[PDB]
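Undergrad:
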Amino acid sequence: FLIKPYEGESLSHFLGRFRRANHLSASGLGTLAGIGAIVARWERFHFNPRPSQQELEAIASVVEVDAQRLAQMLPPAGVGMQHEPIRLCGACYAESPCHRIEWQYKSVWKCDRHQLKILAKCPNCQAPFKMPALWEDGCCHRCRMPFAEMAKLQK
Ligand SMILES: [Zn+2]
Ligand SMILES: [Zn+2]
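Reading the sequence shown from the start, the letters are residues 14 to 168 in the deposited numbering.
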């Protein structure tokens with residue numbers, strides 16, 4: 014089962030969404046692509062060795078999304094990002110149910126489209142968000158508030 018990426022979707026979110034559509038573990042996707050543990054590293058936003066051309070093309074062969082498009086699920090060259098905290102604009106999620114790579118940019122604190130501060134934890138119960146690959150439903154894993162409803166609590 015193939016999936017079309019959402020605009021701005023992060024690599025972690027896309028990988029997990031592909032895995033859910035195919036009932037794959039991270040190790041299973043890694044074996045399908047021939048790169049093993051690299052998949053789980055990318056899902057946790059760990060790129061001490063940056064994704065190589067061969068690794069991106071290996072994943073591209075499985076998910077049928079070109080390496081160039083996969084690179085747009087990561088920050089451009091020179092744009093620093095953070096693996097933690099995982100962040101969210103609930104108003105964005107209501108429009109398109111994905112985590113955006115921009116929300117991990119170190120320079121980003123406000124959603125430009127919605128002119129709201131982005132969230133660094135659930136505004137109802139304060140639970141931090143899991144890595145985007147594990148965003149199985151669109152709700153806080155603790156209190157079960159929908160990400161879309163968190164828009165109403167954004168400041
Ligand atoms: Zn937004
Ligand atoms: Zn919560």
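Positions of the beta carbon are idealized from the N, C-alpha and C atoms, including for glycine.
DSSP three-state label for residue 155, please.
TA: Along the sequence shown, read from residue 1 onward, the residue named residue 155 stands at position 142. Correct three-state label for residue 155: coil.
Undergrad: Under a criterion of Cβ closer than 6 angstroms to any non-hydrogen atom of ligand 2, which residues qualify, in chain order?
TA: 135, 137, 138, 140, 153, 155, 156, 158
Undergrad: Quick check on the contact list: which residues have their beta carbon closer than 7 angstroms to a heavy atom of ligand 1?
TA: Result (chain order): 102, 104, 105, 124, 126, 127, 129.
Undergrad: How about residue 153 and residue 161: do their beta carbons lie closer than 8 angstroms?
TA: Taking the first residue of the sequence shown as position 1, residue 153 is located at position 140. Taking the first residue of the sequence shown as position 1, residue 161 is located at position 148. The answer is no: Cβ separation not under 8 angstroms.
Undergrad: Comparing the CB of residue 80 with every heavy atom of ligand 4, is any distance shorter than 7 angstroms?
TA: No copy of ligand 4 occurs in the structure displayed; its ligands are ligand 1 and ligand 2 alone.
Undergrad: Straight-line CA distance for residue 75 to residue 142?
TA: On the sequence shown, residue 75 is found 62 positions in, with the first residue counted as 1. On the sequence shown, residue 142 is found 129 positions in, with the first residue counted as 1. Roughly 28 angstroms between the two C-alpha positions.
Undergrad: May I ask you to report which of helix, strand or coil DSSP gives residue 166?
TA: Against the sequence shown, residue 166 aligns to sequence position 153. Correct three-state label for residue 166: helix.
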